[PDB]
$ cat upload.txt   # compact mmCIF, C-alpha atoms
# COMPACT_ATOMS: atom_id res chain seq x y z
CA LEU A 711 17.12 9.41 17.19
CA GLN A 712 20.46 8.62 15.48
CA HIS A 713 21.26 11.68 13.54
CA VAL A 714 21.70 13.53 16.77
CA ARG A 715 23.38 10.35 17.54
CA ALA A 716 24.70 10.95 14.05
CA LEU A 717 25.27 14.25 15.61
CA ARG A 718 27.24 11.85 17.79
CA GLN A 719 28.54 11.51 14.33
CA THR A 720 28.71 15.40 14.13
CA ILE A 721 30.59 16.72 17.34
CA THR A 722 33.40 14.09 17.69
CA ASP A 723 34.33 13.59 13.87
CA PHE A 724 36.08 16.68 12.55
CA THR A 725 38.85 16.80 15.07
CA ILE A 726 41.46 15.07 16.61
CA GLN A 727 43.23 11.81 18.10
CA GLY A 728 47.12 12.01 18.81
CA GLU A 729 47.84 15.01 21.43
CA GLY A 730 46.06 16.48 24.58
CA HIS A 731 46.48 18.82 27.55
CA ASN A 732 46.34 19.57 31.34
CA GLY A 733 43.97 17.11 33.06
CA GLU A 734 40.23 18.01 32.96
CA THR A 735 38.14 15.05 31.82
CA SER A 736 39.23 15.48 28.21
CA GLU A 737 41.43 17.07 26.18
CA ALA A 738 40.22 19.83 28.41
CA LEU A 739 41.41 22.63 27.34
CA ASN A 740 38.39 22.15 25.15
CA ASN A 741 36.34 25.01 23.59
CA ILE A 742 32.45 25.39 23.62
CA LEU A 743 30.91 21.89 23.68
CA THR A 744 32.90 18.99 25.47
CA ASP A 745 35.23 19.52 28.72
CA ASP A 746 35.15 20.30 32.54
CA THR A 747 33.79 23.94 33.01
CA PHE A 748 30.11 23.80 31.91
CA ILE A 749 27.60 23.03 34.72
CA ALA A 750 24.91 25.24 35.04
CA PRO A 751 21.35 26.21 35.70
CA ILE A 752 21.37 22.53 35.06
CA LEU A 753 18.60 21.98 37.60
CA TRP A 754 17.03 18.24 36.40
CA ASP A 755 18.77 14.76 37.29
CA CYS A 756 22.48 14.32 38.72
CA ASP A 757 26.21 14.95 37.75
CA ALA A 758 27.60 18.47 37.24
CA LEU A 759 27.83 21.05 40.16
CA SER B 10 -11.27 12.07 66.34
CA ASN B 11 -12.81 13.01 69.67
CA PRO B 12 -12.48 15.27 71.37
CA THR B 13 -10.74 18.07 69.50
CA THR B 14 -13.41 18.11 68.02
CA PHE B 15 -14.00 18.88 64.34
CA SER B 16 -12.09 21.07 61.87
CA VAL B 17 -14.14 24.18 61.10
CA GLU B 18 -11.18 26.40 60.23
CA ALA B 19 -10.81 28.03 62.83
CA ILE B 20 -7.10 27.64 63.55
CA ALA B 21 -7.14 24.82 66.10
CA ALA B 22 -7.41 22.77 63.89
CA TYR B 23 -6.43 19.21 64.71
CA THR B 24 -3.61 17.13 63.24
CA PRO B 25 -5.68 14.23 61.84
CA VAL B 26 -8.29 15.04 60.30
CA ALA B 27 -9.78 11.62 59.76
CA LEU B 28 -12.39 12.44 57.13
CA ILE B 29 -13.33 11.43 53.66
CA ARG B 30 -15.39 13.84 51.54
CA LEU B 31 -14.36 17.20 52.87
CA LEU B 32 -17.16 19.12 51.25
CA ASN B 33 -15.87 21.23 54.10
CA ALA B 34 -12.91 23.35 53.00
CA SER B 35 -15.75 25.05 51.24
CA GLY B 36 -18.49 24.54 51.82
CA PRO B 37 -18.50 27.63 53.98
CA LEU B 38 -15.47 29.13 55.70
CA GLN B 39 -16.65 31.92 55.93
CA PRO B 40 -14.00 33.38 56.41
CA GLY B 41 -11.44 32.38 59.02
CA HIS B 42 -11.82 34.08 62.39
CA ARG B 43 -9.41 36.30 64.35
CA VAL B 44 -6.28 34.25 65.15
CA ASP B 45 -2.60 34.57 64.08
CA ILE B 46 -2.25 31.77 61.42
CA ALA B 47 0.88 30.46 59.62
CA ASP B 48 0.59 26.82 60.58
CA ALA B 49 -2.43 26.40 60.81
CA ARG B 50 -1.53 25.04 57.39
CA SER B 51 0.87 22.29 58.57
CA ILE B 52 -1.81 20.72 60.74
CA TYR B 53 -3.97 20.40 57.64
CA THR B 54 -1.02 19.03 55.64
CA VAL B 55 0.16 16.13 57.77
CA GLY B 56 -3.20 14.94 58.99
CA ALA B 57 -5.05 15.38 55.73
CA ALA B 58 -2.47 13.15 54.07
CA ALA B 59 -2.88 10.80 56.99
CA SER B 60 -6.61 11.04 56.21
CA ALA B 61 -5.48 9.61 52.91
CA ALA B 62 -3.18 6.79 53.96
CA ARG B 63 -5.65 5.59 56.60
CA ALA B 64 -8.52 6.37 54.24
CA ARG B 65 -7.22 3.44 52.32
CA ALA B 66 -6.59 0.22 54.16
CA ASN B 67 -8.61 -1.13 51.18
CA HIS B 68 -8.21 -0.98 47.39
CA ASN B 69 -5.70 -3.67 48.25
CA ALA B 70 -8.33 -6.33 47.57
CA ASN B 71 -7.68 -5.92 43.85
CA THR B 72 -4.04 -5.01 43.80
CA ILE B 73 -1.59 -6.74 42.83
CA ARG B 74 0.92 -5.95 45.53
CA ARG B 75 4.15 -4.06 44.88
CA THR B 76 7.03 -5.70 43.04
CA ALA B 77 10.76 -6.28 43.01
CA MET B 78 10.64 -3.17 40.84
CA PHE B 79 14.22 -3.49 39.53
CA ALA B 80 17.44 -5.25 38.97
CA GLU B 81 19.26 -5.06 42.31
CA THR B 82 19.83 -7.19 45.42
CA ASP B 83 17.47 -8.92 46.36
CA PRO B 84 19.76 -10.75 48.76
CA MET B 85 20.46 -13.74 46.55
CA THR B 86 21.16 -12.56 42.98
CA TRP B 87 23.61 -15.45 42.70
CA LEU B 88 21.36 -18.02 41.06
CA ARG B 89 19.13 -15.74 39.00
CA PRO B 90 19.30 -12.15 37.74
CA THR B 91 16.83 -9.52 38.88
CA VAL B 92 14.27 -7.75 36.68
CA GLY B 93 11.52 -5.28 37.52
CA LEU B 94 7.78 -5.44 36.87
CA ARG B 95 6.82 -2.26 35.12
CA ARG B 96 3.09 -2.65 35.51
CA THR B 97 1.47 -2.44 32.05
CA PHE B 98 -1.05 -5.00 33.13
CA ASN B 99 -4.33 -3.53 34.26
CA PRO B 100 -3.91 -4.35 37.97
CA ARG B 101 -7.30 -5.62 39.04
CA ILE B 102 -7.21 -9.36 39.93
CA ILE B 103 -10.78 -8.98 38.56
CA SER C 10 10.85 -35.42 48.69
CA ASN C 11 11.42 -36.45 52.29
CA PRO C 12 13.55 -36.25 54.17
CA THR C 13 16.10 -33.79 52.81
CA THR C 14 13.81 -31.87 53.37
CA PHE C 15 12.78 -28.65 51.63
CA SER C 16 14.79 -26.01 49.77
CA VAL C 17 15.50 -23.14 52.16
CA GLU C 18 18.81 -21.88 50.73
CA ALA C 19 20.94 -22.70 52.82
CA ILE C 20 23.25 -24.73 50.57
CA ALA C 21 22.10 -28.30 51.19
CA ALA C 22 19.87 -28.24 49.12
CA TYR C 23 18.53 -31.19 47.11
CA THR C 24 18.48 -31.98 43.40
CA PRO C 25 14.72 -32.60 42.94
CA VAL C 26 13.10 -29.89 43.35
CA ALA C 27 9.61 -30.78 42.20
CA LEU C 28 7.83 -27.46 42.74
CA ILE C 29 6.18 -25.16 40.18
CA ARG C 30 5.81 -21.38 39.74
CA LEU C 31 7.69 -20.93 43.00
CA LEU C 32 7.49 -17.48 44.55
CA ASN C 33 10.13 -18.91 46.85
CA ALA C 34 13.44 -17.55 45.64
CA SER C 35 11.93 -14.10 46.04
CA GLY C 36 10.58 -14.86 48.43
CA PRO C 37 12.97 -14.32 51.30
CA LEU C 38 16.53 -15.64 51.27
CA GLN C 39 17.51 -13.73 53.42
CA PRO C 40 20.42 -13.89 52.58
CA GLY C 41 22.40 -17.10 52.15
CA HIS C 42 24.01 -18.41 55.33
CA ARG C 43 27.66 -19.03 56.25
CA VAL C 44 28.62 -21.99 54.05
CA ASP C 45 30.95 -22.23 51.04
CA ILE C 46 28.84 -21.98 47.78
CA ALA C 47 29.86 -22.84 44.19
CA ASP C 48 27.34 -25.44 43.03
CA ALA C 49 24.71 -24.86 44.46
CA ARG C 50 24.27 -23.01 41.17
CA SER C 51 24.60 -25.90 38.72
CA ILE C 52 22.57 -28.27 40.91
CA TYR C 53 19.98 -25.53 41.16
CA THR C 54 19.38 -25.03 37.46
CA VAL C 55 19.85 -28.76 36.72
CA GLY C 56 16.81 -29.43 38.87
CA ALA C 57 14.85 -26.30 38.04
CA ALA C 58 14.68 -27.20 34.36
CA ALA C 59 13.63 -30.75 35.24
CA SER C 60 10.93 -29.43 37.59
CA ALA C 61 9.51 -27.52 34.62
CA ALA C 62 9.81 -30.46 32.24
CA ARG C 63 8.12 -32.53 34.93
CA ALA C 64 5.79 -29.56 35.48
CA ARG C 65 4.54 -30.08 31.94
CA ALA C 66 3.50 -33.73 32.51
CA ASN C 67 -0.05 -32.64 31.75
CA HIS C 68 -0.74 -30.16 28.93
CA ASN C 69 -0.23 -33.32 26.88
CA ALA C 70 -3.97 -33.94 26.76
CA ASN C 71 -3.90 -31.01 24.34
CA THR C 72 -1.00 -32.17 22.19
CA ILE C 73 -0.72 -33.28 19.27
CA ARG C 74 2.49 -35.28 19.56
CA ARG C 75 5.82 -34.15 18.12
CA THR C 76 7.12 -35.18 14.70
CA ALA C 77 10.25 -35.50 12.58
CA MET C 78 10.28 -31.70 12.06
CA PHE C 79 12.88 -32.13 9.33
CA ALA C 80 13.08 -35.01 6.84
CA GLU C 81 15.15 -38.15 7.39
CA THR C 82 14.96 -41.96 7.50
CA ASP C 83 12.54 -43.34 8.79
CA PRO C 84 13.73 -46.89 8.11
CA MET C 85 11.28 -47.34 5.25
CA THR C 86 11.85 -44.52 2.73
CA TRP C 87 11.56 -47.01 -0.12
CA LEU C 88 7.90 -46.61 -0.93
CA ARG C 89 7.30 -43.02 0.19
CA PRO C 90 9.45 -39.93 0.86
CA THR C 91 9.75 -38.10 4.16
CA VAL C 92 8.83 -34.54 5.14
CA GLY C 93 8.54 -32.68 8.41
CA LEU C 94 6.13 -30.29 10.12
CA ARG C 95 7.15 -26.70 10.52
CA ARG C 96 5.58 -26.27 13.93
CA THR C 97 3.42 -23.28 13.05
CA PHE C 98 0.02 -24.76 13.95
CA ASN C 99 -1.77 -24.41 17.27
CA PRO C 100 -1.47 -27.74 19.11
CA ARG C 101 -4.64 -27.91 21.20
CA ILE C 102 -6.78 -30.88 19.92
CA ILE C 103 -9.51 -29.22 22.07
CA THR D 515 36.73 -16.69 31.14
CA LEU D 516 37.27 -13.79 28.69
CA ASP D 517 36.19 -11.35 31.41
CA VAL D 518 39.21 -11.24 33.71
CA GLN D 519 41.34 -11.01 30.58
CA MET D 520 39.41 -7.93 29.48
CA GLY D 521 39.72 -6.39 32.93
CA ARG D 522 43.47 -7.00 32.92
CA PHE D 523 43.71 -5.47 29.46
CA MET D 524 41.83 -2.38 30.64
CA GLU D 525 44.07 -1.97 33.68
CA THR D 526 47.28 -2.41 31.69
CA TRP D 527 46.01 -0.13 28.92
CA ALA D 528 45.03 2.71 31.25
CA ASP D 529 48.72 3.64 31.45
CA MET D 530 50.09 1.74 28.43
CA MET D 531 49.45 4.94 26.49
CA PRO D 532 51.79 7.82 27.45
CA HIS D 533 51.23 9.31 23.99
CA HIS D 534 49.15 8.46 21.06
CA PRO D 535 49.83 5.95 18.28
CA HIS D 536 50.41 7.27 14.81
CA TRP D 537 48.01 4.90 13.03
CA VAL D 538 44.62 6.54 13.49
CA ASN D 539 45.93 9.61 11.62
CA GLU D 540 44.06 8.32 8.58
CA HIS D 541 42.27 11.64 8.44
CA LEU D 542 44.73 14.22 7.16
CA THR D 543 44.03 15.54 3.71
CA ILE D 544 46.60 14.69 1.06
CA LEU D 545 48.67 17.77 1.80
CA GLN D 546 48.59 17.49 5.59
CA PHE D 547 50.06 14.03 5.22
CA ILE D 548 52.47 15.17 2.52
CA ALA D 549 54.08 18.13 4.28
CA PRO D 550 57.52 17.19 5.66
CA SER D 551 55.91 17.47 9.04
CA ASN D 552 54.29 14.15 9.31
CA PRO D 553 56.35 11.63 11.32
CA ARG D 554 54.61 8.78 9.50
CA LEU D 555 55.64 10.26 6.13
CA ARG D 556 59.12 8.74 6.28
CA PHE D 557 57.46 5.35 6.86
CA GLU D 558 55.10 5.42 3.86
CA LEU D 559 57.26 4.02 1.07
CA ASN D 560 55.82 1.10 -0.69
CA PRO D 561 52.11 1.21 -1.65
CA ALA D 562 51.70 -2.48 -0.75
CA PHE D 563 53.22 -2.40 2.76
CA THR E 613 23.48 25.33 3.72
CA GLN E 614 27.48 24.31 3.86
CA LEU E 615 27.59 22.27 7.26
CA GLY E 616 24.72 19.72 6.59
CA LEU E 617 24.62 17.90 3.12
CA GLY E 618 23.34 14.34 3.08
CA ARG E 619 22.85 14.40 6.63
CA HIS E 620 19.99 14.78 4.46
CA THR E 621 16.91 16.70 3.43
CA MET E 622 13.20 16.76 4.07
CA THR E 623 9.62 16.06 3.49
CA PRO E 624 6.11 15.70 5.25
CA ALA E 625 5.96 13.47 8.49
CA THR E 626 8.67 14.37 11.09
CA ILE E 627 8.99 18.10 10.74
CA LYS E 628 5.42 17.13 10.57
CA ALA E 629 6.26 16.32 14.12
CA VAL E 630 7.50 20.07 13.69
CA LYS E 631 4.68 22.66 12.56
CA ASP E 632 1.62 22.10 15.20
CA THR E 633 3.96 21.17 18.93
CA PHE E 634 6.16 24.65 18.48
CA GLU E 635 3.91 27.52 16.81
CA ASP E 636 0.16 28.78 17.68
CA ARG E 637 -2.31 29.04 20.56
CA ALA E 638 -3.59 25.94 22.47
CA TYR E 639 -2.10 24.78 26.10
CA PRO E 640 -2.75 23.18 29.64
CA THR E 641 -2.80 23.14 33.64
CA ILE E 642 -3.12 19.81 35.66
CA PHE E 643 -0.76 17.31 34.03
CA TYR E 644 0.96 20.26 35.38
CA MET E 645 0.24 18.48 38.57
CA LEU E 646 1.33 15.31 36.96
CA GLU E 647 4.68 16.68 35.84
CA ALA E 648 5.52 17.17 39.53
CA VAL E 649 4.29 13.74 39.70
CA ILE E 650 7.29 13.54 37.31
CA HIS E 651 10.32 15.57 38.17
CA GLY E 652 13.70 13.94 37.61
CA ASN E 653 15.61 11.43 39.84
CA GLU E 654 14.81 7.72 39.63
CA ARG E 655 11.98 7.70 41.44
CA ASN E 656 9.57 4.51 42.33
CA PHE E 657 7.10 5.80 39.95
CA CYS E 658 9.56 3.69 38.12
CA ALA E 659 6.84 0.87 38.41
CA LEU E 660 3.31 1.32 36.85
CA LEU E 661 1.37 2.16 33.62
CA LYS F 1004 37.26 6.49 22.52
CA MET F 1005 40.63 7.17 20.80
CA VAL F 1006 41.74 3.81 19.40
CA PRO F 1007 39.50 0.80 18.89
CA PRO F 1008 39.97 -0.85 22.29
CA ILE F 1009 40.85 -4.17 20.67
CA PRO F 1010 42.62 -6.57 23.05
CA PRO F 1011 46.12 -7.62 21.99
CA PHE F 1012 45.09 -11.27 22.34
CA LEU F 1013 42.70 -10.81 19.40
CA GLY F 1014 45.13 -9.25 16.93
CA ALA F 1015 46.35 -5.69 16.58
CA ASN F 1016 45.59 -3.08 13.95
CA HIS F 1017 48.89 -3.36 12.11
CA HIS F 1018 48.78 -7.17 11.95
CA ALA F 1019 45.12 -7.65 11.03
CA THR F 1020 43.28 -7.69 7.71
CA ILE F 1021 40.64 -5.01 8.30
CA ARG F 1022 42.58 -2.02 9.57
CA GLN F 1023 41.82 1.49 10.76
CA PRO F 1024 41.38 3.25 7.37
CA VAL F 1025 38.40 1.17 6.26
CA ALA F 1026 36.71 1.75 9.62
CA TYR F 1027 37.41 5.46 9.18
CA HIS F 1028 35.79 5.13 5.76
CA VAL F 1029 32.63 3.37 6.93
CA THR F 1030 32.16 5.79 9.83
CA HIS F 1031 32.91 8.92 7.77
CA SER F 1032 32.01 7.95 4.20
CA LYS F 1033 28.86 9.71 3.23
CA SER F 1034 26.78 9.04 0.15
CA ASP F 1035 23.82 6.70 0.63
CA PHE F 1036 23.04 3.16 1.75
CA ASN F 1037 23.49 1.47 -1.63
CA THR F 1038 26.49 3.39 -2.95
CA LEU F 1039 28.14 2.93 0.43
CA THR F 1040 27.74 -0.84 0.24
CA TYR F 1041 29.12 -1.02 -3.28
CA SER F 1042 32.02 1.25 -2.34
CA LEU F 1043 32.85 -0.96 0.63
CA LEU F 1044 32.76 -4.02 -1.61
CA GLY F 1045 35.11 -2.20 -3.95
CA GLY F 1046 37.32 -1.74 -0.92
CA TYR F 1047 37.77 -5.48 -0.35
CA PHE F 1048 39.95 -6.29 -3.34
CA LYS F 1049 43.42 -7.67 -2.75
CA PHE F 1050 46.52 -5.66 -3.65
CA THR F 1051 48.54 -8.80 -4.30
CA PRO F 1052 50.11 -8.59 -7.80

$ encode --input "upload.txt" --output "structure tokens"
Amino acid sequence: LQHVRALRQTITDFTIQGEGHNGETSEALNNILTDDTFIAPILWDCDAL
Amino acid sequence: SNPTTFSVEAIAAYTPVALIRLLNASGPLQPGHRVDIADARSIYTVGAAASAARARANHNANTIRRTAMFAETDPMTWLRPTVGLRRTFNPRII
Amino acid sequence: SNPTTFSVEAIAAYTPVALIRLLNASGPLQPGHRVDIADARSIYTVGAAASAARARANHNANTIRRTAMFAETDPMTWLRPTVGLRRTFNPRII
Amino acid sequence: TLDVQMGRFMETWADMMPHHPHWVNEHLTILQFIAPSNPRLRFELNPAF
Amino acid sequence: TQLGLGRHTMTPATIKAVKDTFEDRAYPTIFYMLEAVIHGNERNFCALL
Amino acid sequence: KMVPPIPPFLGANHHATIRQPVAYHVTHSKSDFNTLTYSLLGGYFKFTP
């Protein structure tokens, strides 16, 4: 359970708090895990299309 | 039930379908005769499931009715919080 | 008990409240009517707890009275010390 | 009641932050901090303050 | 071997939970039924055991 | 998720005793569960002369 919630400890540690950009949830520009252009085949419960 | 009269499949068929123990679907068929078919199937759907809901009435003599199920109004909620019975008990009333 | 007369909620209500295991709150409410509210709430719990303390009443044919739990005078203390009972036993007297 | 105060704090703090405070930048390696970049560098003078 | 260090190393019982649920040859069909007695949003099956 | 959402009526980071860097440490320090405790204890020593 909590080392992929220590993976919560391992995809918001090694970057960054101080400066962000252009209004999409967060700091969204992002990259390939965390912003506002990944919804999907996601066809289970409810949030993303 | 009467008169329609009895599902032999055939494509009549009749919406309920008020049986228990359809040792009937097969049974024989054997096979379906010369009609168009498509629904057909619907008639078996709705009324077979009715044949389920009305097949009950009972089994409620040992339930254990339904519950508040959750935390939500529950039109008072202002003098006690709400919590739901997830039914780990063996619901029998013995 | 009478006449006040019986908790319907409403906001009358009354302080005792001498019922047990009430499936009354839920129960219908349904919901509370057009009066102010505020307490209500305090008067509710203040009686509910009493109606459980008074609900005990019996169950005391199985106790096994209470004790000092900890150690303290005990106005004698001058020819024997004092100790308490860590309430880990089953009080049933059977 | 310690609840309305928290709500008020949340509402005020939603826009209290037009930029980001310089005191969670505890992360930089020695040299990132050291380079004459860092705006907090000119405020790190006495090791006991 | 350079991203995870002491997000640490392993042993018999949980990647136990690993070798015999993703390799060889032994699977089902009617809890198939029961998985669509399962599939995703809330539902009132939230109440029994 | 940026700054510890600590209400101003309970003390701020720059006026408190336990500040951001030690929290950074405990959430990013990475050895063990004994060495971490002893290191944290080593943290709590005053810098008064």

$ calpha_fit_and_write --input "upload.txt" --fixed "chain B" --moving "chain C" --output "PDB file with C-alpha atoms, in the frame of the given file"
ATOM      1  CA  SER C  10     -11.189  11.690  67.066  1.00  0.00           C
ATOM      2  CA  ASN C  11     -12.678  12.954  70.310  1.00  0.00           C
ATOM      3  CA  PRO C  12     -12.398  15.281  71.929  1.00  0.00           C
ATOM      4  CA  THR C  13     -10.555  17.912  69.908  1.00  0.00           C
ATOM      5  CA  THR C  14     -13.165  17.831  68.350  1.00  0.00           C
ATOM      6  CA  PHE C  15     -13.881  18.411  64.662  1.00  0.00           C
ATOM      7  CA  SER C  16     -12.170  20.585  62.051  1.00  0.00           C
ATOM      8  CA  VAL C  17     -14.098  23.848  61.759  1.00  0.00           C
ATOM      9  CA  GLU C  18     -11.275  26.206  60.731  1.00  0.00           C
ATOM     10  CA  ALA C  19     -10.787  27.989  63.213  1.00  0.00           C
ATOM     11  CA  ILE C  20      -7.077  27.298  63.740  1.00  0.00           C
ATOM     12  CA  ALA C  21      -7.099  24.587  66.406  1.00  0.00           C
ATOM     13  CA  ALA C  22      -7.419  22.275  64.453  1.00  0.00           C
ATOM     14  CA  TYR C  23      -6.148  18.708  64.898  1.00  0.00           C
ATOM     15  CA  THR C  24      -3.618  16.610  63.002  1.00  0.00           C
ATOM     16  CA  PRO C  25      -5.800  13.551  62.219  1.00  0.00           C
ATOM     17  CA  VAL C  26      -8.102  14.338  60.165  1.00  0.00           C
ATOM     18  CA  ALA C  27      -9.574  10.996  59.185  1.00  0.00           C
ATOM     19  CA  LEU C  28     -12.272  12.112  56.744  1.00  0.00           C
ATOM     20  CA  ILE C  29     -12.615  11.364  53.017  1.00  0.00           C
ATOM     21  CA  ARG C  30     -13.855  13.279  49.949  1.00  0.00           C
ATOM     22  CA  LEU C  31     -14.692  16.181  52.238  1.00  0.00           C
ATOM     23  CA  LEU C  32     -16.937  18.848  50.757  1.00  0.00           C
ATOM     24  CA  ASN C  33     -16.016  20.678  53.936  1.00  0.00           C
ATOM     25  CA  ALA C  34     -13.362  23.191  52.982  1.00  0.00           C
ATOM     26  CA  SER C  35     -15.824  24.505  50.423  1.00  0.00           C
ATOM     27  CA  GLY C  36     -18.016  24.158  52.207  1.00  0.00           C
ATOM     28  CA  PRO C  37     -18.279  27.287  54.300  1.00  0.00           C
ATOM     29  CA  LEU C  38     -15.293  28.803  56.091  1.00  0.00           C
ATOM     30  CA  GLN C  39     -16.563  31.547  56.390  1.00  0.00           C
ATOM     31  CA  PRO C  40     -13.921  33.010  56.663  1.00  0.00           C
ATOM     32  CA  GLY C  41     -11.185  32.142  59.147  1.00  0.00           C
ATOM     33  CA  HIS C  42     -11.582  33.740  62.569  1.00  0.00           C
ATOM     34  CA  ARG C  43      -9.355  36.153  64.510  1.00  0.00           C
ATOM     35  CA  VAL C  44      -6.328  34.016  65.400  1.00  0.00           C
ATOM     36  CA  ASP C  45      -2.723  34.126  64.158  1.00  0.00           C
ATOM     37  CA  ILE C  46      -2.281  31.506  61.315  1.00  0.00           C
ATOM     38  CA  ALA C  47       0.957  30.121  59.811  1.00  0.00           C
ATOM     39  CA  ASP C  48       0.746  26.354  60.278  1.00  0.00           C
ATOM     40  CA  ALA C  49      -2.203  25.586  60.164  1.00  0.00           C
ATOM     41  CA  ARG C  50      -1.084  25.048  56.572  1.00  0.00           C
ATOM     42  CA  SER C  51       1.627  22.432  57.094  1.00  0.00           C
ATOM     43  CA  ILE C  52      -0.392  20.553  59.725  1.00  0.00           C
ATOM     44  CA  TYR C  53      -3.294  20.651  57.307  1.00  0.00           C
ATOM     45  CA  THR C  54      -1.588  18.995  54.366  1.00  0.00           C
ATOM     46  CA  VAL C  55       0.439  16.677  56.646  1.00  0.00           C
ATOM     47  CA  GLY C  56      -2.835  15.169  57.795  1.00  0.00           C
ATOM     48  CA  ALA C  57      -4.748  15.466  54.542  1.00  0.00           C
ATOM     49  CA  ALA C  58      -2.286  13.233  52.715  1.00  0.00           C
ATOM     50  CA  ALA C  59      -2.405  10.712  55.562  1.00  0.00           C
ATOM     51  CA  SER C  60      -6.220  10.748  55.511  1.00  0.00           C
ATOM     52  CA  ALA C  61      -6.016   9.736  51.847  1.00  0.00           C
ATOM     53  CA  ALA C  62      -3.353   7.099  52.443  1.00  0.00           C
ATOM     54  CA  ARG C  63      -5.540   5.842  55.274  1.00  0.00           C
ATOM     55  CA  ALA C  64      -8.519   6.382  52.954  1.00  0.00           C
ATOM     56  CA  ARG C  65      -7.038   3.733  50.684  1.00  0.00           C
ATOM     57  CA  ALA C  66      -6.924   1.024  53.401  1.00  0.00           C
ATOM     58  CA  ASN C  67      -9.336  -0.963  51.255  1.00  0.00           C
ATOM     59  CA  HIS C  68      -8.895  -1.076  47.464  1.00  0.00           C
ATOM     60  CA  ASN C  69      -6.215  -3.571  48.485  1.00  0.00           C
ATOM     61  CA  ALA C  70      -8.593  -6.473  47.931  1.00  0.00           C
ATOM     62  CA  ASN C  71      -8.009  -5.636  44.270  1.00  0.00           C
ATOM     63  CA  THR C  72      -4.230  -5.356  44.388  1.00  0.00           C
ATOM     64  CA  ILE C  73      -1.851  -7.099  43.322  1.00  0.00           C
ATOM     65  CA  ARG C  74       0.912  -6.100  45.722  1.00  0.00           C
ATOM     66  CA  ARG C  75       3.799  -3.814  44.785  1.00  0.00           C
ATOM     67  CA  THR C  76       7.187  -5.048  43.582  1.00  0.00           C
ATOM     68  CA  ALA C  77      10.834  -4.082  43.179  1.00  0.00           C
ATOM     69  CA  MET C  78       9.922  -1.925  40.142  1.00  0.00           C
ATOM     70  CA  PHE C  79      13.607  -1.636  39.285  1.00  0.00           C
ATOM     71  CA  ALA C  80      16.248  -4.348  39.741  1.00  0.00           C
ATOM     72  CA  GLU C  81      18.415  -4.697  42.844  1.00  0.00           C
ATOM     73  CA  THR C  82      19.472  -7.140  45.579  1.00  0.00           C
ATOM     74  CA  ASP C  83      17.407  -9.045  46.818  1.00  0.00           C
ATOM     75  CA  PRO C  84      19.849 -10.751  49.186  1.00  0.00           C
ATOM     76  CA  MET C  85      20.032 -13.860  47.021  1.00  0.00           C
ATOM     77  CA  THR C  86      21.070 -12.804  43.494  1.00  0.00           C
ATOM     78  CA  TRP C  87      23.456 -15.750  43.316  1.00  0.00           C
ATOM     79  CA  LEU C  88      21.226 -18.259  41.601  1.00  0.00           C
ATOM     80  CA  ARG C  89      18.917 -15.952  39.639  1.00  0.00           C
ATOM     81  CA  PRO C  90      19.008 -12.332  38.410  1.00  0.00           C
ATOM     82  CA  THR C  91      16.567  -9.598  39.357  1.00  0.00           C
ATOM     83  CA  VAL C  92      14.127  -7.580  37.246  1.00  0.00           C
ATOM     84  CA  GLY C  93      11.276  -5.230  38.007  1.00  0.00           C
ATOM     85  CA  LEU C  94       7.711  -4.610  36.844  1.00  0.00           C
ATOM     86  CA  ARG C  95       7.001  -1.540  34.804  1.00  0.00           C
ATOM     87  CA  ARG C  96       3.625  -0.862  36.361  1.00  0.00           C
ATOM     88  CA  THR C  97       1.648  -0.804  33.126  1.00  0.00           C
ATOM     89  CA  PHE C  98      -0.838  -3.583  33.938  1.00  0.00           C
ATOM     90  CA  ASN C  99      -4.288  -3.137  35.439  1.00  0.00           C
ATOM     91  CA  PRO C 100      -4.116  -4.224  39.093  1.00  0.00           C
ATOM     92  CA  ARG C 101      -7.611  -5.533  39.815  1.00  0.00           C
ATOM     93  CA  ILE C 102      -7.355  -9.330  40.559  1.00  0.00           C
ATOM     94  CA  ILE C 103     -11.179  -9.188  40.127  1.00  0.00           C
TER      95      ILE C 103
END

$ closest_residue --input "upload.txt" --among "A:756, A:737, A:750, A:729" --to "chain D" --atoms "all atoms listed in the file"
A:729

$ residues_around --input "upload.txt" --residues "residue 91 (chain B)" --least-positions-apart "3" --cutoff "9 Å" --atoms "all atoms listed in the file" --output "PyMOL selection string"
chain B and resi 77+79-83+86

$ write_last_selection --input "upload.txt" --atoms "C-alpha atoms" --output "PDB file, keeping the file's coordinate frame"
ATOM      1  CA  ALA B  77      10.760  -6.280  43.010  1.00  0.00           C
ATOM      2  CA  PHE B  79      14.220  -3.490  39.530  1.00  0.00           C
ATOM      3  CA  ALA B  80      17.440  -5.250  38.970  1.00  0.00           C
ATOM      4  CA  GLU B  81      19.260  -5.060  42.310  1.00  0.00           C
ATOM      5  CA  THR B  82      19.830  -7.190  45.420  1.00  0.00           C
ATOM      6  CA  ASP B  83      17.470  -8.920  46.360  1.00  0.00           C
ATOM      7  CA  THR B  86      21.160 -12.560  42.980  1.00  0.00           C
TER       8      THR B  86
END

$ atom_distance --input "upload.txt" --atom1 "CA of residue 741 (chain A)" --atom2 "CA of residue 725 (chain A)"
12.1 Å

$ residues_around --input "upload.txt" --residues "residue 652 (chain E)" --least-positions-apart "4" --cutoff "12 Å" --atoms "only C-alpha atoms" --output "ChimeraX atom specification"
/A:752-756 /E:647-648,656-658

$ residues_near_point --input "upload.txt" --point "(39.3, -3.1, -0.9)" --cutoff "12 Å" --atoms "only C-alpha atoms" --output "PyMOL selection string"
chain F and resi 1020-1022+1024-1026+1028+1040-1051

$ interface_residues --input "upload.txt" --of "chain B" --to "chain C" --cutoff "8 Å" --atoms "all atoms listed in the file" --output "list in words"
residues 83, 84, 85, 87 and 88 of chain B
